[PDB]
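Below, in structure tokens: the form deposited in one PDB entry, a single chain.
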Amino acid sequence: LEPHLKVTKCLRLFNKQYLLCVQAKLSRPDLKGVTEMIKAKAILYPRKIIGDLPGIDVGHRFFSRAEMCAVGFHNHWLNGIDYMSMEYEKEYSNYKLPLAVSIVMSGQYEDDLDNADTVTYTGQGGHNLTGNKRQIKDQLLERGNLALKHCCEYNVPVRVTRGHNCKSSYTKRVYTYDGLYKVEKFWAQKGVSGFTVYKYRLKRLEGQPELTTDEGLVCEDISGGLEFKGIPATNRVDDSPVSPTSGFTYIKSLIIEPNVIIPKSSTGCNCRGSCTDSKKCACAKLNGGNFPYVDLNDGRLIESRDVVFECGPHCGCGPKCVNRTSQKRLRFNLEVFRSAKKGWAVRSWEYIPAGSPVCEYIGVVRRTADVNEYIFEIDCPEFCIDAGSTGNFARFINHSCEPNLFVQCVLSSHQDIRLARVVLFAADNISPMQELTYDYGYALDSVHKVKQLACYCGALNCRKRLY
């Protein structure tokens, strides 16, 4: 039960709940979401921990305070300092309680100084959560300050998490784990506002990844200009400047061979403008009585379902309709880069919230009887999609045994499952310049004694065999 994976699954559950709280129109669905993580005893580390957390590495990117609570990394949704209560005294007799374990520098306290390798961190108290957000009374050595003090005195390190601001439309604020720091020293003094503040000077420990500061182009756009956002391709692995789009034509829509059937068009729903009441929508009744997508960040798929029934050609609703999510244009600035032994593979340059549709696997719908590398069989196999010579960028996405994408079948133009639409959604929250991948799901010893293909996932859980 590998740590990074337990972490991944925890976060995915939190995201499920989150989205179901945003759909249910509740207030603070992040908070609500972690409340529902507590209801279900589904918080990865429920007791507190001095040091690193398995599966959470130096560099880890949390997308909200709520995530950090949902995993148990930082159990306060508000507090800068998370520490051990006196409830830990018999467990840790050798130390004196309370004891800081995780702090967050968000830039909310005026007397903070962030110099990266070293930090002068102001304790809590006398702060104004509203208004100017500034010190309004004197700080004492009474809580986080006391615990931080005890950290200094007993040589206990603290995890440090920084809040960063983003350009990425959908993500406004990210939180990065930058490692264990040590309280070098501490002292009381007046602050910028004239009120006594306590200051803690932490120095970053060693034996952890460095703290970095946050072309080889072969084609401007692998899309012909067809995509809403261009997809740039770069090789830096060679100056052998072949393009990914050689001998291949980019298409935005599906192509059907004459051998292949065109199913009867779905009847659709009659609501106008946008499907909101699910009483009145047939497309909602098709989905179990409740829409599968939520109206957040341009539509996010709540959770995987066998098939998803979208609004089709005949529905009275327009293209913005939240039940037409995977129909909309490319949200994300992507890139097709040359990998060292995966061939080409793709990655994002901006943040992809979990549940956002990345893209639909587009090619030529051929009959499975009629059939090298680039073929997606449709099971939800009578029919398949051959992206061999023509298709979109979906054919450049690699396999991983630890994917950040998953396969959802979507039905919109017809109600025939065999010709369902293969759409790939984000299973996790994805960060820029990191590789997008899904699981091909090949059963072993399938292709022919035998024959197999080595795997270059990089995943600690690689099976080492694609097939």
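Quick note: we count residues from 1 along the sequence shown, nothing fancier.
Per the record, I255 and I256 are directly connected, with no deposited-sequence residue omitted between them. The entry shows an unbroken chain from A282 to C283, with no unmodelled residues of the deposited sequence in between. Of the two stretches examined, 76-84 and 239-247, the record assigns the greater average C-alpha temperature factor to 239-247. Just going by the entry, 54-62 versus 29-37 on mean CA temperature factor gives the higher value to 29-37.
Per the deposited record, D277 carries the highest C-alpha B-factor of all listed residues (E89, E350, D178, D277). In the PDB entry, the Cα temperature factor peaks, among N155, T267, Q135, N323, at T267. When the modelled residues of the chain are ordered by C-alpha B-factor, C455 sits in the highest third. In the PDB entry, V22 places in the highest third of its chain by CA B-factor. Among the modelled residues of its chain, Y442 has a C-alpha B-factor that falls in the highest third according to the deposited record. Among all modelled residues in this chain, the alpha-carbon of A426 has a temperature factor (C-alpha) in the middle third. Annotation for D214: C-alpha temperature factor in the highest third relative to the rest of the modelled chain, per the entry.
Heads up, the form solved in complex with a partner chain isn't pictured, but that's what we're talking about next.
Contact check for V322: every heavy atom lies farther than 4.5 Å from its partner chain in the deposited complex.
Remark: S304 counts among the residues lining its partner chain in the deposited complex, judged by a heavy atom distance of 4.5 Å or less. The closest non-hydrogen atom of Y374 lies within 4.5 Å of its partner chain in the deposited complex.
In the deposited complex, no heavy atom of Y45 sits within 4.5 Å of its partner chain. The stretch in contact with its partner chain in the deposited complex, judged by heavy atoms within 4.5 Å, is 436-444, chosen from 436-444, 24-32, 54-62, 413-421.
With the partner removed from view, the residue among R300, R159, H74, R395 that has a non-hydrogen atom within 4.5 Å of its partner chain in the deposited complex turns out to be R395. The contact with its partner chain in the deposited complex, taken as any heavy atom within 4.5 Å, belongs to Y361 out of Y361, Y351, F337, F309.
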